[PDB]
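Okay, so here's just one chain, in structure tokens, the form solved without the ligand.
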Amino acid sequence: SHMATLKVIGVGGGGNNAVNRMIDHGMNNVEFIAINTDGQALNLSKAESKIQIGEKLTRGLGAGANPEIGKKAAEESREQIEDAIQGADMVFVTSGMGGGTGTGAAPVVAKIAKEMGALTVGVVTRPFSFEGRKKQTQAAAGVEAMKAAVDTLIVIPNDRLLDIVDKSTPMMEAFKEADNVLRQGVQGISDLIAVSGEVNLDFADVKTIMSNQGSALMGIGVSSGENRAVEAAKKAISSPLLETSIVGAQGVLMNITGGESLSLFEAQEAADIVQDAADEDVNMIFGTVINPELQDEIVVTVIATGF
């Protein structure tokens, strides 16, 4: 029997913001690591494990939006980063691209985790257009460096947050919507590992769908009542925040969780929604979990790769 160790690593300001908000939300059976140049921010981190990088470089300040400083800071702290990761079977690295620390250090952190054998997933943001072309260009170079260093990468363009707010939505509420991509992905994988399914998926199946793949989609949908399976499957694959949509996916891990009423017909319906949306012949790794506590609720978890 195998119990996978999952860790979430925030790198730089935005990544450490995400870690703090996820801890506040509550996230058990997952270990958090906070990595930053900025000692003032790191002192406010809620993470159990904190690594200040580049103190000789920046004297405790941030990188001042220069990615070369973040890269050097991370490389010089490799051993400390390895020690915090040790034991991990899966590592999520989260960072905002475009600044100095995340852009430069997050790809180093990802490569360290990958060369320790952890399944390594990046979830990163691109800057708002109003932040200017230079920052977009720097972020683009960071995204490409992340893709070369992870097993799978999820990119959230911050511009998509402007598609989901009204004129009054607090910025922090919008940021929590972006956080949900990583948080619900981690939770869905943590639930998959913890529960034996009736059609069982385990961590080896997560590795099949995510190892050495590139772009990825991770989504969850919950629905009740009539047409719940179709509606949950549509919710799982249809986030407006994602650079990589479901279209073009050639591998999908899909788990359906329901009560004792979970029907074979509705499982096929949900699988068909995902196949049709990908517009490809999808290699599906299909799982089912009967949770008797659930009455009329159905949960559909999707991880899509192979773009």
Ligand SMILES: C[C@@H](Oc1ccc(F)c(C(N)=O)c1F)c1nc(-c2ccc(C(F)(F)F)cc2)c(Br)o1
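Sequential numbering from 1, following the sequence displayed.
Keep in mind the form deposited with the ligand bound is missing from the figure; the text below concerns it.
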Check: Taking the partner as it appears in the entry with it bound, which of 186 to 194, 76 to 84, 227 to 235, 108 to 116 has residues with heavy atoms within 4.5 Å of the ligand?
Finding: 186 to 194
Item checked: Sole residue of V155, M210, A88, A145 within 4.5 Å of the ligand in the entry with it bound, by heavy atom -> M210
Note to self: Which residue, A34, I246, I273, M254, is the contact with the ligand in the entry with it bound, using a 4.5 Å heavy atom cutoff?
What the structure shows: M254
Note to self: Under a 4.5 Å heavy atom criterion, is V199 part of the interface with the ligand in the entry with it bound?
What the structure shows: yes
Notebook entry, point to check: Can any non-hydrogen atom of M218 be found within 4.5 angstroms of the ligand in the entry with it bound?
Noted result: yes
Checklist line | Contact test in the entry with it bound: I23 vs the ligand, heavy atoms, 4.5 Å | finding: no
Next item on the list: Classify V289 as contacting or not contacting the ligand in the entry with it bound by the rule of any non-hydrogen atom within 4.5 angstroms, answering yes or no.
Entry: yes
Next item on the list: Scan 111 to 126 and note down the residues that get a heavy atom within 4.5 Å of the ligand in the entry with it bound; none is a fine answer too.
Entry: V121
